[PDB]
Amino acid sequence: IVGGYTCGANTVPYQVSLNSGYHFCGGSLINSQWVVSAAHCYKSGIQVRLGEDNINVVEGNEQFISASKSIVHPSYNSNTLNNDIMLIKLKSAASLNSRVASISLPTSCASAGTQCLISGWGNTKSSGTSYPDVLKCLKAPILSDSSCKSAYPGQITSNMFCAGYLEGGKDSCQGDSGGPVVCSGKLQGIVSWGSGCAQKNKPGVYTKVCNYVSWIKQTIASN
Ligand SMILES: Cc1ncc(CO)c(CO)c1O
Ligand SMILES: [Ca+2]
Ligand SMILES: [Cl-]
Ligand SMILES: [Cl-]
């Protein structure tokens, strides 16, 4: 997160770190056995780390659980990042608590104007590179579909929304990928992509989770 704040230990109990020897992506716990992330975060031998603040220190609220199964969306296009969503089953259920907790799925899509919390261990600088150990937060509004398409011509499908500030300065960034965009207690977004970080007229692009609920529910019901 660029130009955000330190969330605070466990203040976002649904944030997970995807770990393959190292944090490489964010994720969101949606029940005791499943995480939602970005498809472009797919790789094998993932361990899900829940209850994390400092990802480089064991501080006492962690649960480390290996992924048993990953499922990229059937229609994921790695080239356009269309349908950038993925579900990961945990090898055992997480012990759900105040600091480790699922975030609800949307019943409807959110609108332009809605305030949302984006979070992740990604790079904190818009130029140059600095990775935080503790989780970083950003409050950002969903931007209109027309301004999103205008910022990114020929790239914004119906499965993406922009969130952030057109002035720049505040955005998600490298390492936030697959992480939560939570709006009014509901997971509305997954950190998908952007042109750099916090650049003017170049806000973050998010997977529109409301388009995927049916698939998420149907999938978790049979796996
Ligand atoms: C803005 C932005 N830029 C680049 C990346 C690379 O994944 C991400 C997520 O990893 C991101 O959110
Ligand atoms: Ca830790
Ligand atoms: Cl519009
Ligand atoms: Cl267009």
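We're numbering straight along the sequence, starting at 1.
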Q: State, to 0.1 Å, how close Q174 and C197 come at their nearest heavy-atom pair, and which atoms those are.
A: OE1-SG, 3.6 Å
Q: How long is the span from the OG atom in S111 to the CG atom in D145, to the nearest 0.5 Å?
A: 11.5 Å
Q: Output, in order, the C-alpha distance, side-chain angles, deciding distance and verdict of side chain to side chain contact (heavy atoms under 4.5 Å, CB included) for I30 and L187.
A: CA-CA 9 Å; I30 53 163; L187 175 71; 4.1 Å; yes
Q: Would you check if there is a donor-acceptor pair between the side chains of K136 and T124 at a distance under 3.5 Å?
A: no
Q: Given side chains that start at C-beta, do those of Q63 and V100 come closer than 4.5 Å, heavy atoms only?
A: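 SC-SC contact between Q63 and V100 confirmed.
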Q: Counting only heavy atoms not in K43, do more than 12 fall under 6.0 Å of its NZ?
A: yes
Q: Are side-chain N/O atoms of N159 and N83 paired as donor and acceptor at under 3.5 Å?
A: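 Yes, a side-chain donor-acceptor pair sits under 3.5 Å.
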Q: Do you know the tightest heavy-atom contact between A39 and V72?
A: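 Taking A39 first and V72 second, the nearest heavy atoms are CB-CG1, 3.7 Å.
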Q: How long is the span from the SG atom in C109 to the CG atom in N211, to the nearest 0.5 Å?
A: 5.0 Å
Q: Backbone N or O of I85 within a donor-acceptor pair of the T207 side chain at under 3.5 Å?
A: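 Checked: no pair found.
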Q: In this structure, would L96 and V36 fall into the same cluster of hydrophobic residues linked by side-chain contacts under 4.5 Å?
A: no
Q: Applying side-chain hydrogen bond (donor to acceptor under 3.5 Å, both in side chains), run through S102 and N31 and close with a yes or a no.
A: CA-CA 5 Å; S102 48; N31 67 30; over 6 Å; no
Q: Using side-chain heavy atoms (C-beta onward) and a distance below 4.5 Å, is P106 in contact with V213?
A: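 Answer yes - side chains close enough.
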Q: Step by step, work out the side-chain hydrogen bond (donor to acceptor under 3.5 Å, both in side chains) result for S17 and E52.
A: CA-CA 7 Å; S17 176; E52 279 292 16; 5.9 Å; no
Q: Would you say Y76 and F24 are hydrophobically clustered, going by side-chain heavy atoms of ILVMFWY under 4.5 Å?
A: yes
Q: Looking just at side-chain N and O atoms, do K89 and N223 make a donor-acceptor pair shorter than 3.5 Å?
A: no
Q: Write down the atom of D171, the atom of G204, and the distance for their closest heavy-atom approach.
A: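 Where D171 meets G204 most closely, the heavy atoms are OD1-N, 2.8 Å.
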Q: Would you say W215 ends up clustered with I190 if hydrophobic residues are merged whenever their side chains have heavy atoms under 4.5 Å apart, either directly or through other cluster members?
A: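 Same cluster.
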Q: Go through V182 and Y14 one step at a time and tell me if the side chain to side chain contact (heavy atoms under 4.5 Å, CB included) criterion holds.
A: CA-CA 10 Å; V182 163; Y14 52 84; 3.5 Å; yes
Q: Got a donor-acceptor contact below 3.5 angstrom from the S222 side chain to the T219 backbone?
A: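 The answer is no, because no donor-acceptor pair under 3.5 Å joins these two groups.
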Q: Can you give me the closest heavy-atom contact between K125 and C173, atom names plus distance?
A: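 Taking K125 first and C173 second, the nearest heavy atoms are O-SG, 4.2 Å.
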Q: Which atom pair, heavy atoms only, marks the closest approach of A163 to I118?
A: CB-CD1, 4.3 Å
Q: Looking at every heavy atom in both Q188 and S108, which two are closest together, and how far apart are they?
A: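 Taking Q188 first and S108 second, the nearest heavy atoms are NE2-O, 2.9 Å.
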Q: Can you pull out every ring-ring contact (aromatic ring centres under 6.0 Å, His included) where at least one residue sits in residues 119-141? Sequence neighbours excluded, please.
A: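 Those involving residues 119-141 are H23-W121.
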Q: Show, in sequence, the C-alpha distance, side-chain angles and deciding distance for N54 and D133, and conclude whether the side-chain hydrogen bond (donor to acceptor under 3.5 Å, both in side chains) test is met.
A: CA-CA 5 Å; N54 196 314; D133 300 316; 4.7 Å; no
Q: CG of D53 to CG of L135: how many Å apart, nearest 0.5 Å?
A: 6.5 Å
Q: How long is the gap from OG on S95 to CG on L50, to the nearest 0.5 Å?
A: 9.0 Å
Q: Among the clusters formed by ILVMFWY side chains lying less than 4.5 Å apart, do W34 and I65 turn up in the same one?
A: no
Q: CZ of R99 to CG of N61: how many Å apart, nearest 0.5 Å?
A: 4.5 Å
Q: What distance separates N10 CG from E62 CD, expressed to the nearest 0.5 Å?
A: 8.0 Å
Q: Do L29 and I103 make a side-chain contact, defined as non-hydrogen atoms from C-beta onward lying under 4.5 Å apart?
A: no
Q: Side chains of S66 and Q47: donor-acceptor distance under 3.5 Å anywhere?
A: no
Q: I'd like to know if the side chain of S78 pairs up with that of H40 as donor and acceptor (distance under 3.5 Å, no hydrogens or angles considered).
A: no
Q: Verify, without hydrogens or angle tests, whether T6 (side chain) and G8 (backbone) share a donor-acceptor contact under 3.5 angstrom.
A: no
Q: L87 versus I216: any side-chain heavy-atom pair under 4.5 Å?
A: yes
Q: Tell me whether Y42 shares a hydrophobic cluster with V35, the cluster being built from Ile, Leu, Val, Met, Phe, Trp, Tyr side chains joined at under 4.5 Å.
A: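 Cluster IDs for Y42 and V35 match.
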Q: For side chain to side chain contact (heavy atoms under 4.5 Å, CB included), just list the numbers for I142 and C162, CA-CA rounded to whole Å, side-chain angles, deciding distance to a tenth of an Å, and then say yes or no.
A: CA-CA 6 Å; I142 300 172; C162 294; over 6 Å; no
Q: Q199 and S195: side-chain donor and acceptor closer than 3.5 Å?
A: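 Distance-only check fails for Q199 and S195.
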Q: For a 4.5 angstrom cut-off between non-hydrogen side-chain atoms, does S37 reach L18?
A: yes
Q: Is the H73 ring parallel, tilted or perpendicular to the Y212 ring (thresholds 30°, 60°)?
A: perpendicular
Q: Test your reading of the model: is there a side-chain donor-acceptor pair from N82 to the backbone of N77, 3.5 Å cut-off?
A: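 No.
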Q: Yes or no on side chain to side chain contact (heavy atoms under 4.5 Å, CB included) for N19 and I46, after CA distance, side-chain angles and deciding distance?
A: CA-CA 6 Å; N19 186 287; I46 296 176; over 6 Å; no
Q: Report yes if the side chains of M160 and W193 come closer than 4.5 Å at any heavy-atom pair, otherwise no.
A: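 The answer is yes; the side chains approach within 4.5 Å.
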Q: Between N201 and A151, is there a donor-acceptor pair closer than 3.5 Å when you use the side chain of the first and the backbone of the second?
A: no
Q: Could you check whether any side-chain heavy atom of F161 comes within less than 4.5 Å of a side-chain heavy atom of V181, counting everything from C-beta outward?
A: yes
Q: Would you say that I1 contacts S172 through its side chain, given a criterion of any heavy-atom pair below 4.5 Å between the two side chains?
A: yes
